[PDB]
Amino acid sequence: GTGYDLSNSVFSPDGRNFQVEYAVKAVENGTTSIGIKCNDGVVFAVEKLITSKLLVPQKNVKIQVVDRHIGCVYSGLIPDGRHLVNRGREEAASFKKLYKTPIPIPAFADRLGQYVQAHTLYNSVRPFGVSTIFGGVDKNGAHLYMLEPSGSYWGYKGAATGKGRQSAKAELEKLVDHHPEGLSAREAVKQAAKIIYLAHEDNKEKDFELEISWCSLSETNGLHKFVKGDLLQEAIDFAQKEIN
Amino acid sequence: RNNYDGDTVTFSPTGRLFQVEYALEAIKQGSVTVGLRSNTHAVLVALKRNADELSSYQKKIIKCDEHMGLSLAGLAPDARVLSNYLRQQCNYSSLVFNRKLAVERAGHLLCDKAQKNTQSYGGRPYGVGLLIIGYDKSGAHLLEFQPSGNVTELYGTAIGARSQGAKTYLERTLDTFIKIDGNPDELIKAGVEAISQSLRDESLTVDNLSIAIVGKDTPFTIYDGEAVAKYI
Amino acid sequence: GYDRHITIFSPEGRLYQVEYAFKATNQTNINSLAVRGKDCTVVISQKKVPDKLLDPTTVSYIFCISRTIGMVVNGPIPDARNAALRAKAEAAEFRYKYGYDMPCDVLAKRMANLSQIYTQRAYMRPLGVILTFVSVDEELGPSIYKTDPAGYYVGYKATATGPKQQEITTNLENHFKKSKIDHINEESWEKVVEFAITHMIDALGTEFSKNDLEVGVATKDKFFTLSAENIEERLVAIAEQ
Amino acid sequence: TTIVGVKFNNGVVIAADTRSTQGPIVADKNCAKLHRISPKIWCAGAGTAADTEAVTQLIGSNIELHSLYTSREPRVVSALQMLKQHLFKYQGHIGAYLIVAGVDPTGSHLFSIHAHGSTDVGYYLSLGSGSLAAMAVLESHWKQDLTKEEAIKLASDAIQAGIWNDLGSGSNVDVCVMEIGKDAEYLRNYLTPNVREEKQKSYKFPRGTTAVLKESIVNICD
Amino acid sequence: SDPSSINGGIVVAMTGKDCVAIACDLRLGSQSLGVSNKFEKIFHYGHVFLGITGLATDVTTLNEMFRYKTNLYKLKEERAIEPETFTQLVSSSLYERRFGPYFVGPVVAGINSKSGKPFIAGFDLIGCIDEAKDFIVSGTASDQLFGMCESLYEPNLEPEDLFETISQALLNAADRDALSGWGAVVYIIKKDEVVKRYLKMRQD
Amino acid sequence: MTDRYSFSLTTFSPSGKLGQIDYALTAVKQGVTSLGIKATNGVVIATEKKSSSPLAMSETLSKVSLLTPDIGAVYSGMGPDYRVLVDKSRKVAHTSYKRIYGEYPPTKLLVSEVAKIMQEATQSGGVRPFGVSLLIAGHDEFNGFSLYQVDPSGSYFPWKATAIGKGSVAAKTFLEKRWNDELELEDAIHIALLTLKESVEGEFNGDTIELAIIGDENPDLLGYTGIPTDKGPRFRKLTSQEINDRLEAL
Amino acid sequence: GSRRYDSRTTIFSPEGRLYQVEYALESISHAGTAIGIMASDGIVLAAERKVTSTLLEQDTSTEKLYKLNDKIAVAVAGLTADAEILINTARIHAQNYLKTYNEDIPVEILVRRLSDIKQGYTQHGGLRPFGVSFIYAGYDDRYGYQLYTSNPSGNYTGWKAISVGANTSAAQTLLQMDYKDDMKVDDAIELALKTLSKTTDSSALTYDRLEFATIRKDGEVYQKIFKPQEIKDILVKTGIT
Amino acid sequence: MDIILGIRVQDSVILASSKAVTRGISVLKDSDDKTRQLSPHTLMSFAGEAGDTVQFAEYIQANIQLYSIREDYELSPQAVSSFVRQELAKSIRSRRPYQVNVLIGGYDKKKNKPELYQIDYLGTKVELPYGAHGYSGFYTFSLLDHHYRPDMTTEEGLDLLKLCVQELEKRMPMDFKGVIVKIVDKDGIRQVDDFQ
Amino acid sequence: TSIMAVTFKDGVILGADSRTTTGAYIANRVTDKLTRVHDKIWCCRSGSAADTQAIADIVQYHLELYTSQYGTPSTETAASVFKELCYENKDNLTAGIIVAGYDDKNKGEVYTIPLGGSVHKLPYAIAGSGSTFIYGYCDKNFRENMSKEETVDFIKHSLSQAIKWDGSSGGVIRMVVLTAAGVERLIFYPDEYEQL
Ligand SMILES: [Cl-]
Ligand SMILES: [Cl-]
Ligand SMILES: [Cl-]
Ligand SMILES: [Mg+2]
Ligand SMILES: [Mg+2]
Ligand SMILES: [Mg+2]
Ligand SMILES: [Mg+2]
C-alpha cells in the first residue's frame with residue numbers, strides 16, 4: 001500500500017518512520033556544527049551565516065549551556081533546539097536536586113535521548129528537527145555525544161552535523177590520525193576553527209561568523225565557557241593560515 | 001506541498017513545515033514597518049493601514065514596558081496575544097527580581113512561546129511578525145520575530161509588503177545610522193527615509209505614520225498624528 | 001487512513017503495524033543468540049562499529065536491567081533504550097513493592113503485557129524491538145525469555161534473533177539433538193561463552209575479531225558483560241580448537 | 001488479645017487466644033484470630049478486630065493475584081512489605097497489630113507489624129494485651145532448635161499465660177503450624193481449658209408463659 | 001451525644017433445632033422522649049432476616065441499601081441470597097465506611113435453603129463478624145441481653161420453646177433499659193415457614 | 001502526547017455489519033483448535049501447545065489458565081490478547097466478587113464479567129476488539145458444572161461441548177456425534193483427546209497438548225489442613241505424563 | 001493528529017438521517033424476531049433464537065428475554081452484549097427509583113431513561129450507537145399493563161402488539177390481521193407463536209429455538225419466563241408439534 | 001424552638017406552626033408561615049436553624065414541582081416523604097448539613113387516606129397519627145395521647161389542637177405569637193383563618 | 001536508642017544498640033538499627049521505627065534505580081536522597097538518620113541528618129536518646145585516622161556508656177565495618193561491654 005508518511009508514529013512496510021527521516025532533511029539543510037573531544041574536555045563550534053550585514057556581529061549566540069558543565073549545539077530548526085535545551089535544563093535540575101551531584105554526561109545524554117525518542121511515539125507530535133552535539137566533563141572523563149531526531153545517540157571522538165557535515169567528518173577522521181596520541185584542549189580549539197572554515201565551502205554563498213566554546217578540566221576547571229577574545233582570534237588566524 | 005500542509009505536526013518529504021510557511025505569507029500581506037538603532041536609541045517606523053476612506057488606521061506599535069516595545073505586521077490579534085505575553089514577562093521580571101527584562105531575554109521567551117505552536121496539534125503558528133526595540137543594561141537593541149520561532153538581533157530591518165525597499169536602503173545606510181548617537185530626531189529622520197523606499201502609490205501622512213523611540217534616558221514613547229508632522 | 005497505519009484489524013484479521021514493527025527489528029543488521037549453561041546464561045550479539053569517529057565503548061545493545069537480569073535488544077537503539085529504562089524501572093518498583101528480586105520471566109511477562117497494549121490502543125505505536133532476557137533465577141535456574149512487538153513472550157532452551165535468526169536456531173537445534181540435553185553441560189561460564197561464539201561462527205560463515213562481538217553472562221550472583229580483552233581471551237581459546 | 005509466634009528447627013508456629021471484648025464485655029467467647037494469607041502464610045491479629053481481618057484479606061487477595069501472575073509460591077516478605085506499606089499509608093489509623101509467619105521457597109519466616117507500619121524480625125514474638133504475660137513465658141523457655149512438639153507447647157503455654165493472667169484474653173488456644181516440607185496445619189481450638197460448668201438449673205419455660213398480642217404468618221416466596 | 005444512645009432499642013437472635021428466632025423492641029425515641037412504638041428493627045430479604053440497632057436514620061438507610069443490593073443480587077445470580085453470603089455483604093458494606101461509619105449493630109439470621117443449617121451472626125459498626133452458634137445481642141440493652149441469654153439459653157430448643165426463651169430474654173432486658181421497650185416482635189423461622197408474634201409488655 | 005482517539009474504532013457499515021468484530025473473528029478462526037466438553041461429573045478443556053521454535057519450552061506457556069479455584073480458561077486466536085484477559089479476569093473475580101461476598105464468582109457471572117470487558121473494546125474510544133474466543137469451564141455450588149464460549153463481540157453462550165479455532169467445523173461435527181448426556185468425566189477426556197487428534201498434524205503427545213479438568217475437589221492441592229469446610233480446588237491441569245498414560249488407550 | 005481516523009458517528013446525512021442509527025437499524029433487522037402482544041389481562045413476550053446447535057445448552061441459556069425487575073421484562077433484538085450493558089444500567093435505575101421513593105419504578109420512566117441513554121450516544125461523545133432494540137413488557141400501579149419499544153436512535157413508542165428484528169414488515173402485517181382489543185393472554189400467546197412460525201427463516205418452529213415470557217394476574221402480578229419444557233408444551237397445545 | 005405540630009384525623013391532616021421569628025433580643029416578625037406547598041395535596045412545615053430552614057424547604061418544593069410536570073402526575077405522600085428523608089440523610093454526612101426538621105401532611109388521592117410524616121435533620125422518618133418537633137412534643141403529647149381518636153372529625157381535630165396550643169401558651173417560656181393552621185384533605189390545602 | 005558512625009584510616013564503622021521501647025516496656029531487645037541502602041552505604045536509624053524504616057526502604061529503592069542507570073552512587077548522593085525525603089516531609093516525620101559509606105577516593109564519609117532535614121558532614125556523628133550522655137566522652141576521645149581496632153574500641157566504649165545511663169538504649173552492640181575489603185558485621189554482648 002501507500003500513505004505511510006503522513007502521520008508520525010507510523011511504520012512503513014519496510015520498517016521506517018518516514019516522518020523522522022523527513023526531519024533529518026531539515027537538519028541537513030541547517031548550518032554545519034561540530035564537536036571535538038580532547039584529553040580533558042570538549043570543544044564546540046558552529047557556523048553563523050551572515051544573512052545580511054544587518055545582523056549584529058557576535059550577537060546571535062547559538063551554543064547553549066546546561067547547568068555549569070554541559071555544552072550543546074545543534075543544526076536545523078533553531079527553535080526546536082532551544083526547546084530540547086530547555087528540557088535538558090529542567091532534566092539537569094531534577095537530577096541535581098535529588099542526587100546533589102551535577103548530572104553525569106552519559107546520564108544527561110539518555111535524558112535527552114529518551115525525550116527525543118518520545119516524540120517518535122505518537123502522531124500528535126512531530127519529531128525534533130535538529131541533530132544536537134553536546135558534552136562535558138564529569139566525575140570520570142570528558143564525553144562527546146550526538147543525538148538525531150530518531151532519538152539515536154552515541155558517544156564520539158568527534159562529531160559533525162549540518163550542511164558541511166561531510167567535509168567536517170572527513171576533516172575529523174583526519175584529526176584522529178595526526179594527533180592520535182591525544183588532542184589537547186587548546187589544539188582542539190584551533191582545529192575546530194579550521195574545520196568550520198573548511199566545511200563552510202559548501203555554503204561559500206554567504207559570509208559567516210565563527211563561534212567556539214569549550215569545557216576543559218585544565219583550561220576551564222571543568223566549567224563550560226565560550227572561546228572569546230584573544231584565544232578566539234588566534235584560532236581564527238590558525239584557520240586562515242591552514243586554509244592557504 | 002499538496003498532501004503535507006494540513007497541520008503543524010507534519011514534515012514535508014524535503015523537511016519543510018508548510019503551516020509555518022503559510023503563516024509568513026500573512027506577514028507579507030501586512031503593512032510595512034521598519035526598525036533601526038544606534039548605540040544610544042532604537043526607533044520604530046510603521047505605515048498604518050486603513051480599510052475605507054471612512055475607517056481608522058489600524059495601530060501598529062505596542063509598548064511592553066518603560067524600556068521595551070514592538071511593531072507588528074500581519075494578524076493584529078496575534079500581536080495582541082504575543083505583545084500581551086511580553087508585557088507579563090517584563091512585569092514578572094520587575095516584580096520578582098526588581099529587574100528590567102533584558103531585550104535579549106524577551107527575545108528568547110518569544111521564540112519559545114511560538115515554538116510551542118509548531119509541535120502542538122490543535123494549535124497554529126502565529127501569523128504576525130514583530131520588530132522589538134529596547135534599551136537595557138547592554139544598550140540599544142532591535143529584534144525581529146518570525147512565526148517560525150526565529151528571533152534575531154539586528155541594527156535595522158523591515159517586515160511587511162514591499163519591505164525590501166527599506167531593507168535594501170538600511171543595508172546601504174548601515175555605517176551611517178549606527179553612529180547617530182545622542183541625536184534622536186536624526187535617527188527617526190533616518191528611519192522615516194528607510195521606510196519611504198517601500199511606498200508605491202502613497203506618501204506618508206499624519207494619519208498613516210506611526211513612530212516609536214526608546215533609549216538612554218528616553219522611556220519608550222509613541223508618536224502618532226500631529227506629533228509625527230515634525231518628520232514629514 | 002487504512003487498517004495499515006494504526007493498530008486495527010484488516011479483513012484478513014491482521015495488524016499490519018505489528019508486522020512492520022517486526023521488520024524494523026532487523027533494521028540494525030545484527031544477530032544475537034543466548035544459551036544456558038549448567039549454572040549460568042550467556043548472550044552473544046554482534047557489534048558493528050563502522051565509523052572511526054564513534055567511541056566504540058558507548059555502542060552496545062546489551063543492558064544491565066537489575067543486579068541479576070541482563071537484556072539484549074534486536075532493533076533500533078532509541079526504542080531499545082526506551083525499553084531498557086522502562087524495564088530497569090519495573091524491576092526497581094517490583095523490589096520495593098514485593099520484597100524479593102523480580103524474576104527474569106516475570107519481567108518478560110510484564111514487558112510483553114505492555115507490548116500487547118500498543119497492539120490494541122490506537123495512539124501508541126509498537127516498539128520495533130525484540131527483547132532477550134537472561135538471568136540465573138533463584139527458583140528456576142538459568143533462564144532465557146523473549147519478547148516481540150506482538151506482545152508475545154516465551155522461554156527458551158536457547159534462542160537467536162536477527163536477520164540470520166534461522167541458521168543460528170537450526171544450528172543450535174542440531175547440537176542439542178546430538179547431545180540429548182537442553183543446555184551446555186559445562187561448569188565454567190567461560191567455556192559456555194566459547195560454545196556460543198563457536199556455534200555462532202559456524203552458522204554465519206564468518207570469523208570474528210575481538211571487536212565484532214559483545215558478550216553478557218548471568219550467574220547466581222550477578223549479570224556482567226565482558227570486555228574486549230575478556231573476549232580476546234575467549235577467541236584465542238576457540239582458535240586452539 | 002494474646003498472640004505469639006515461635007520459630008523451631010524446621011518451621012514456625014503461631015498461636016492466639018479466642019476472646020473478643022467491647023470494653024469489659026466479652027462479645028465473642030470464641031473469636032478466631034488466626035488468618036490465612038496464602039495456604040502457607042498465616043497471620044495472627046491483635047487490636048481493632050475489623051482492621052485485622054480487613055487488612056489480612058486485602059493483602060491476601062492481592063498476594064493471591066500476585067501468585068498467579070508470577071507462577072510462584074507467595075513469599076512472607078511480600079505479605080510483609082504489602083502490609084507495612086499499607087499500614088504506613090494510613091498513618092496508624094488502621095489499628096492492626098500483626099504477627100505474620102509462614103514457609104516459602106526461601107525458608108521459614110517470623111515477623112511482626114505495628115499499626116504505624118514498623119516491622120520486627122525474631123525467633124519468638126508476642127502481641128496484644130497479654131503481650132507481657134506470654135513474653136514472660138517465652139523469655140523463660142525459648143531455646144534455639146526447638147522441635148515441632150516443643151515449639152507447639154511453648155507457643156501454647158504462652159497463650160495460656162495470657163488467658164489466665166490477662167483480662168483482655170481469652171477462652172481457647174488456636175495454633176497453626178507451618179513446617180518446611182509440609183502443608184500448614186491449622187489447629188482450631190487446639191486447647192479448650194474453659195468449659196463452662198453445667199448450670200444449676202434449666203430455665204426452659206412452660207409453653208404459654210409469654211403474653212402474645214398478635215400472630216401472623218410471614219411470606220417469603222415471591 | 002453518643003449516636004448509639006439517641007434512639008435506643010435492641011435486637012436479639014438465637015438458634016434451636018432446625019430453626020432460628022430473632023426479636024426486637026419497637027421503641028424509637030429522641031433522648032428521653034418516646035416518639036414511636038411502631039419502629040420495627042427486623043427486615044427480610046428473601047429468606048434472610050436482618051435486624052439493626054443504633055442511629056435510626058442509619059437503620060433505615062442500611063435497610064434500603066441491602067434491599068437494593070440483594071435485589072440486584074437475585075437478578076444477576078438467579079437465586080436468593082443465603083445468610084452466610086449476606087453476612088459477608090453486610091460486613092464489607094460496613095467496612096467500606098471504616099472512617100465515617102453507620103452507627104448500627106446488625107444481626108443476621110436465617111436458615112440455608114440448601115444446607116438446612118440454622119445461621120446467626122452479628123457485627124460491630126465497621127463490619128467485624130461475630131458468628132456465634134448460640135445467640136447474638138445488639139442495642140442499648142446488650143449488657144442485659146447478655147445476662148438474660150447466658151442463662152435462659154440451652155441448645156436445640158424446639159421452635160415453641162425457642163420462642164418462650166427468646167421472648168423472656170428480650171422482654172426482661174428491655175425492662176431494665178430506659179431506651180428500649182414500647183412493644184416487641186419475635187420472628188420464629190423454620191425451613192418452610194416463618195411466624196411473627198407481637199408481644200405484650202409494659203408501656204413505660 | 002495523549003490518547004487523542006476519543007472516538008470509536010468500531011462502527012456500523014451500511015450493510016449493518018460491525019467490521020472490526022468480524023475481522024477479530026477471522027483472527028479467531030486462524031487460531032489453533034481448542035475445545036471443551038461437559039460431562040455429568042466434570043468438564044474438560046484442551047488445546048494444542050504448538051511451539052513456534054523447538055528451542056521454545058512449551059511448559060513455560062500455559063494456554064490453559066486457572067481463573068479461580070473452580071474455573072479454567074482456554075482460547076483460540078491471539079495469545080497476547082488472551083493473556084491480558086486472564087489477568088483482568090482473575091482480578092475482577094476478586095475486586096467485584098471475592099472482596100464483596102467472600103466467595104469466588106460462579107462460572108456464569110465471571111464469564112459475564114469477561115464478556116463486559118470485551119464488549120467495551122468494541123465501543124470505547126481508540127481501541128480494537130480482542131482477537132480471541134474464550135472457552136471457560138468451571139463449577140459453582142448452585143449451578144454445578146458449566147461450559148461457556150465468549151466471542152470478541154462480547155457475546156457468550158453455554159455449551160454441552162464445542163470447539164473453536166482452525167479445525168472447529170470438523171471437531172464440532174465430531175463432537176455432535178459422540179456426545180451424550182450420560183458421559184462420565186474420564187469418558188469426555190477420551191473424546192477430547194480424539195477430537196484434538198484430528199486437528200493436530202505434527203507430534204501428538206503430552207508435551208504438545210494442554211488439557212485441564214474441572215472435577216472432584218483435590219484437598220491434596222489445598223496447601224493447608226484444619227478447616228474442614230474449605231474444599232477445592234476443582235480445577236486441575238493434567239501432567240505431561242497423565243496425558244501420555246491415556247494416549248495408549250486411544 | 002488522530003482526526004484522520006475519526007468516522008464521525010454523530011453526524012447528519014444531507015437528508016437529515018443519522019448514519020450510524022440507520023446502519024445500526026440495518027444491523028438489528030438481521031436479528032432473531034421478537035414479538036410483544038398486550039392482552040386485556042396480561043402481556044406476552046416471545047422471540048426466536050438464531051443461535052442453535054445440538055450441543056447448545058438451553059436450560060442455562062438466555063439471549064432475548066431478560067428480567068429487569070419484578071414487574072418489568074425486555075425482549076432483546078440486536079447485539080446481545082450491547083443489550084447487557086443497557087440492561088444493567090436499567091436494572092440499577094429501577095433500584096435507584098425504588099430506594100428514593102419506596103415505590104416501584106413506573107414502566108415509562110424506566111423506558112424513558114434507557115432511551116435517554118441511547119439518544120445520548122447519538123448526539124455527543126463520538127462513539128458508536130448501541131446495536132440494540134428493546135420490547136418492554138411491564139405493569140405499574142398507574143397505567144397497568146404496558147408495552148413499549150425503543151431503538152438505537154433513542155426514540156420509544158407504545159404498542160398493542162409489535163415486533164422487532166428480522167422480518168418485521170411480514171410479522172407486523174400478520175399482527176394487524178388477527179389482533180383484537182379484547183384478547184385474553186392465551187389468545188395472544190397463540191397469535192404470537194403462530195406469527196413466528198409463519199415468518200421464521202427456519203424450516204419448522206421447535207421449542208429449542210424459542211424463549212417465552214408472560215406477565216399476568218391473589219391481587220398482585222406474577223412474571224413467568226417459560227423453561228424449555230414449558231415452551232415445548234405450549235407448542236403442542238396450540239398444535240405446532 | 002418554634003412550634004411545629006401535626007395531627008392526622010380521619011378525613012384530613014392538620015398542621016399548626018408558630019408565627020414568631022425572633023433574632024436574638026427582638027421579635028422581628030409575628031406572621032411567619034413556616035410552611036411550603038409541595039404539590040396540590042401535600043404540605044410541608046419546618047423549623048430549625050435560620051436560612052437552612054426555608055432553603056431546604058424551597059429546594060424540596062421545586063423538586064416535587066419538577067416531578068409533577070415531568071410525569072403529569074402527583075407523587076404519593078409516602079413517596080414525597082421518602083424523597084425528603086433521602087435528601088436529609090445525604091446532608092447529614094455532608095460538609096454543612098441542613099439543620100432542618102419537617103412535618104409532611106398530605107391526602108393520598110389514590111388510597112383516599114390522609115398521612116402525617118415526621119422527619120428530623122438526621123433523616124429519621126416516622127409515620128404518625130400526631131407529631132411535633134423540638135420541645136412542643138413535651139407539653140402536647142400527653143394531651144394528644146389522651147384525647148386522640150383515629151376517627152375524629154376535622155372539627156374535633158381543630159379543638160384538640162386548640163387545647164395543645166393553650167397548654168403551650170401556659171407552660172412555655174417563649175411567646176411564640178400563636179400558630180397558623182392549615183388542613184390537607186381530599187380537596188387540597190386550605191388555611192384555617194379563624195383560630196382566635 | 002544510641003547510634004553513631006565514625007570514619008577511620010581504612011573507612012567507616014556504624015554502631016548501635018538493639019533496644020526499642022514502647023513506653024518503658026522493651027518491645028524488641030535485639031533490633032538491628034544498622035540498615036543497608038547499598039553495597040557500601042549504610043545508615044543508623046533513630047526516631048519513629050515506622051518512619052525511619054519507610055525512609056530507608058524508599059532510599060534503597062532510589063539507589064537501586066540510580067544504579068540501574070548511572071552506576072554506583074556516591075555516599076554523598078545517598079545522604080542527599082535521605083535529606084530530600086526528610087526535609088520535604090518534615091511535618092509528618094520523626095526521623096534522625098546517620099548515613100555512612102565507603103569508596104576508594106574518599107574512604108569513609110559520615111553525614112548526620114537530625115529532625116528537620118538539615119545535612120551535616122562530619123568525621124563522626126552521634127545521635128539517639130542516649131547520645132546526649134556521651135557528647136563529653138566522644139569529644140575527648142575521638143581522633144582522626146584511627147585504626148580499625150582503635151575504632152571498634154572507641155565505638156564499643158562510647159555506646160556502653162550511652163547504654164549505661166539511658167533506659168531507652170541497651171541490648172547488644174552491633175557494628176558494621178565498611179572498608180575496601182568488604183562488609184564486616186560485629187556483635188558485642190552485655191557480659192562483655194558492661195565490664196568495660
Ligand atoms: Cl538506559
Ligand atoms: Cl431544581
Ligand atoms: Cl436542629
Ligand atoms: Mg506485577
Ligand atoms: Mg446503594
Ligand atoms: Mg431517582
Ligand atoms: Mg514518606
# chains A, B, ... in the order shown; residues from 1 in each chain; ligands from 1

$ residues_near_ligand --ligand "ligand 6" --cutoff "6 Å" --atoms "only C-alpha atoms and all ligand atoms" --output "ChimeraX atom specification"
/G:96-97,100

$ select_by_dssp --residues "stretch 18-232 of chain B" --states "alpha helix (DSSP H)" --output "NGL selection string"
:B and (18-29 or 76-97 or 103-119 or 164-177 or 184-196)

$ residues_near_ligand --ligand "ligand 3" --cutoff "10 Å" --atoms "only C-alpha atoms and all ligand atoms" --output "ChimeraX atom specification"
/H:1,47-50,52-53,98-101,120-122,133-134

$ residues_near_ligand --ligand "ligand 4" --cutoff "10 Å" --atoms "only C-alpha atoms and all ligand atoms" --output "PyMOL selection string"
(chain C and resi 90-91+93-94+97-98+102+106-107+109-110) or (chain D and resi 65-67+69-70)

$ select_by_dssp --residues "stretch 3-184 of chain H" --states "strand (DSSP E or B)" --output "PyMOL selection string"
chain H and resi 4-8+12-18+21-23+26-29+35-39+42-48+100-108+113-119+125-127+130-133+179-184

$ interface_residues --of "chain A" --to "chain B" --cutoff "12 Å" --atoms "only C-alpha atoms" --output "PyMOL selection string"
chain A and resi 3-9+17-30+48+50-62+64+76-87+119-120+122-130

$ write_last_selection --atoms "C-alpha atoms" --output "PDB file, in the first residue's frame"
ATOM      1  CA  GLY A   3       0.200   6.529   2.627  1.00  0.00           C
ATOM      2  CA  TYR A   4       2.788   5.650   5.308  1.00  0.00           C
ATOM      3  CA  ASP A   5       4.494   9.073   5.627  1.00  0.00           C
ATOM      4  CA  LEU A   6       1.720  11.482   6.660  1.00  0.00           C
ATOM      5  CA  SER A   7       1.390  10.662  10.390  1.00  0.00           C
ATOM      6  CA  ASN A   8       4.282  10.315  12.774  1.00  0.00           C
ATOM      7  CA  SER A   9       4.328   7.195  14.798  1.00  0.00           C
ATOM      8  CA  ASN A  17       9.383   6.110  10.196  1.00  0.00           C
ATOM      9  CA  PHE A  18       9.417   8.462   7.215  1.00  0.00           C
ATOM     10  CA  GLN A  19       8.461  11.498   9.270  1.00  0.00           C
ATOM     11  CA  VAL A  20      11.679  11.098  11.241  1.00  0.00           C
ATOM     12  CA  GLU A  21      13.652  10.745   8.009  1.00  0.00           C
ATOM     13  CA  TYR A  22      11.936  13.871   6.704  1.00  0.00           C
ATOM     14  CA  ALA A  23      13.002  15.641   9.917  1.00  0.00           C
ATOM     15  CA  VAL A  24      16.606  14.794   9.105  1.00  0.00           C
ATOM     16  CA  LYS A  25      16.176  16.764   5.880  1.00  0.00           C
ATOM     17  CA  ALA A  26      15.573  19.912   7.937  1.00  0.00           C
ATOM     18  CA  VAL A  27      18.716  19.047   9.900  1.00  0.00           C
ATOM     19  CA  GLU A  28      20.797  18.583   6.748  1.00  0.00           C
ATOM     20  CA  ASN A  29      19.657  21.944   5.413  1.00  0.00           C
ATOM     21  CA  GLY A  30      20.966  23.548   8.601  1.00  0.00           C
ATOM     22  CA  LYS A  48      26.726  31.554  11.799  1.00  0.00           C
ATOM     23  CA  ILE A  50      25.820  36.319   7.926  1.00  0.00           C
ATOM     24  CA  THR A  51      22.489  36.502   6.088  1.00  0.00           C
ATOM     25  CA  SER A  52      22.977  40.261   5.915  1.00  0.00           C
ATOM     26  CA  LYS A  53      25.465  42.828   7.200  1.00  0.00           C
ATOM     27  CA  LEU A  54      22.415  43.948   9.201  1.00  0.00           C
ATOM     28  CA  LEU A  55      22.978  41.224  11.816  1.00  0.00           C
ATOM     29  CA  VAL A  56      24.851  42.483  14.856  1.00  0.00           C
ATOM     30  CA  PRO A  57      28.181  40.624  14.935  1.00  0.00           C
ATOM     31  CA  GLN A  58      28.870  38.329  17.874  1.00  0.00           C
ATOM     32  CA  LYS A  59      25.265  38.687  18.978  1.00  0.00           C
ATOM     33  CA  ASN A  60      23.023  35.799  17.899  1.00  0.00           C
ATOM     34  CA  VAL A  61      24.635  33.183  20.089  1.00  0.00           C
ATOM     35  CA  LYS A  62      23.978  29.612  19.220  1.00  0.00           C
ATOM     36  CA  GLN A  64      23.848  26.941  24.875  1.00  0.00           C
ATOM     37  CA  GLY A  76      18.480  22.518  11.841  1.00  0.00           C
ATOM     38  CA  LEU A  77      15.340  24.208  13.180  1.00  0.00           C
ATOM     39  CA  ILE A  78      16.842  26.534  15.822  1.00  0.00           C
ATOM     40  CA  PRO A  79      13.654  26.932  17.932  1.00  0.00           C
ATOM     41  CA  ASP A  80      13.451  23.141  18.307  1.00  0.00           C
ATOM     42  CA  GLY A  81      17.000  23.218  19.641  1.00  0.00           C
ATOM     43  CA  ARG A  82      16.174  25.748  22.350  1.00  0.00           C
ATOM     44  CA  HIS A  83      13.176  23.615  23.306  1.00  0.00           C
ATOM     45  CA  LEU A  84      15.301  20.468  23.690  1.00  0.00           C
ATOM     46  CA  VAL A  85      17.869  22.521  25.641  1.00  0.00           C
ATOM     47  CA  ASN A  86      15.175  23.924  27.939  1.00  0.00           C
ATOM     48  CA  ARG A  87      14.071  20.386  28.648  1.00  0.00           C
ATOM     49  CA  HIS A 119       8.438  12.422  20.027  1.00  0.00           C
ATOM     50  CA  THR A 120       8.525   9.441  17.589  1.00  0.00           C
ATOM     51  CA  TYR A 122       2.606   9.409  18.661  1.00  0.00           C
ATOM     52  CA  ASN A 123       1.096  11.071  15.626  1.00  0.00           C
ATOM     53  CA  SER A 124       0.021  14.023  17.787  1.00  0.00           C
ATOM     54  CA  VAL A 125       3.562  15.454  17.713  1.00  0.00           C
ATOM     55  CA  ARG A 126       6.280  15.800  15.129  1.00  0.00           C
ATOM     56  CA  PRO A 127       9.937  14.747  15.585  1.00  0.00           C
ATOM     57  CA  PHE A 128      12.632  17.174  16.623  1.00  0.00           C
ATOM     58  CA  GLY A 129      14.061  18.977  13.616  1.00  0.00           C
ATOM     59  CA  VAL A 130      17.627  19.169  14.971  1.00  0.00           C
TER      60      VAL A 130
END

$ atom_distance --atom1 "atom CA of residue C:57" --atom2 "atom CA of residue A:139"
17.3 Å

$ residues_near_ligand --ligand "ligand 5" --cutoff "8 Å" --atoms "only C-alpha atoms and all ligand atoms" --output "list in words"
residues 64, 65, 66, 68 and 69 of chain E; 96 and 99 of chain G

$ closest_atom_pairs --of "chain A" --to "ligand 1" --cutoff "12 Å" --atoms "only C-alpha atoms and all ligand atoms" --output "Markdown table"
| residue | atom | partner | partner_atom_place_in_ligand_line | distance |
| --- | --- | --- | --- | --- |
| A:106 | CA | ligand 1 | 1 (Cl) | 9.6 |
| A:107 | CA | ligand 1 | 1 (Cl) | 8.5 |
| A:108 | CA | ligand 1 | 1 (Cl) | 10.9 |
| A:109 | CA | ligand 1 | 1 (Cl) | 9.8 |
| A:110 | CA | ligand 1 | 1 (Cl) | 6.6 |
| A:111 | CA | ligand 1 | 1 (Cl) | 9.2 |
| A:112 | CA | ligand 1 | 1 (Cl) | 11.5 |
| A:113 | CA | ligand 1 | 1 (Cl) | 9.5 |
| A:114 | CA | ligand 1 | 1 (Cl) | 8.6 |
| A:153 | CA | ligand 1 | 1 (Cl) | 11.7 |

$ residues_near_ligand --ligand "ligand 2" --cutoff "7 Å" --atoms "only C-alpha atoms and all ligand atoms" --output "list in words"
residues 59, 62 and 63 of chain H

$ residues_near_ligand --ligand "ligand 7" --cutoff "12 Å" --atoms "only C-alpha atoms and all ligand atoms" --output "VMD selection string"
(chain D and resid 85 88 to 91 117) or (chain I and resid 48 50 to 59 81 to 95)

$ interface_residues --of "chain I" --to "chain A" --cutoff "8 Å" --atoms "only C-alpha atoms" --output "PyMOL selection string"
chain I and resi 69-70+76-78+80-81+84

$ write_last_selection --atoms "N, CA and C atoms" --output "compact mmCIF listing (two decimals), in the first residue's frame"
# COMPACT_ATOMS: atom_id res chain seq x y z
N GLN I 69 20.80 2.80 36.19
CA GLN I 69 21.04 3.77 35.14
C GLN I 69 22.47 4.32 35.15
N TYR I 70 22.99 4.76 36.31
CA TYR I 70 24.22 5.55 36.32
C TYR I 70 25.38 4.93 37.09
N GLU I 76 27.69 10.66 49.35
CA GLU I 76 27.01 11.94 49.32
C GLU I 76 25.66 11.85 48.62
N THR I 77 25.56 11.10 47.50
CA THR I 77 24.26 11.00 46.82
C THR I 77 23.23 10.32 47.71
N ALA I 78 23.63 9.26 48.41
CA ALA I 78 22.72 8.59 49.34
C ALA I 78 22.26 9.55 50.45
N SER I 80 21.92 12.73 50.16
CA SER I 80 21.00 13.71 49.58
C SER I 80 19.59 13.14 49.50
N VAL I 81 19.46 11.87 49.13
CA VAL I 81 18.13 11.28 48.99
C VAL I 81 17.45 11.21 50.35
N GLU I 84 16.57 14.75 51.21
CA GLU I 84 15.44 15.24 50.46
C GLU I 84 14.15 14.76 51.09
